[PDB]
Amino acid sequence: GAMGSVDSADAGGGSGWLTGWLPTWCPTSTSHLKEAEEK
């Protein structure tokens, strides 16, 4: 599985093609408090 790194927001989520039709390029991930794992 893939995972982001650091960003704020660009896309704002998905609806169709965003179901996995792009490379690691996904700044939409506004995460921060990832589960038990490497930060």
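Here, every reference points to the structure presented above.
Okay, so let's go over this structure. (Residues numbered from 1 in each chain as written, not as in the entry; some residues may be left out. Heavy atoms only, no water.)

**Some details on the overall build of the protein**
Then, number 1: A count of helices and strands for the protein gives zero helices and zero strands.
Then, number 2: Once the C-alpha set of the protein is aligned to its principal axes, its extents read approximately 30 × 20 × 15 Å.
Then, number 3: Considering the protein as a whole, with its 39 residues, one finds that 0% of them fall into the buried category.
Then, number 4: Carbon and sulfur atoms make up 56% of the accessible area of the protein, which amounts to about 3,800 Å² in all. (Helix = DSSP H or I, 4+ residues; strand = E, 2+ residues; numbered from the N terminus. Buried < 20%, exposed > 50% of the residue type's maximum accessible area, 1.4 Å probe, protein only. Areas by Shrake-Rupley, 256 points an atom, 1.4 Å probe, with all protein chains shown as cover.)

**Section: a nonpolar patch on the surface**
Then, number 1: A contiguous nonpolar surface patch, about 470 Å² in accessible area, is contributed by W17, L18, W21 and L22.
Then, number 2: Judged by its relative accessible area of 37%, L22 falls in the partly exposed class. (Patch = residues over 30% accessible without salt bridge, like charges linked within 9 Å, V, L, I, M, F, W, Y side chains within 5 Å. Salt bridge = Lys/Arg side-chain N within 4 Å of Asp/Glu carboxyl O.)

**A look at the environment of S8**
Then, number 1: Its relative accessible area of 55% is what places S8 among the exposed residues.
Then, number 2: Residues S8 and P23, spaced 15 residues apart in sequence, show a C-alpha to C-alpha distance of 18 Å.
Then, number 3: With sequence-adjacent residues up to four places away left out, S8 is seen in contact with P27, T28 and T30. (Contact = heavy atoms within 4.5 Å.)

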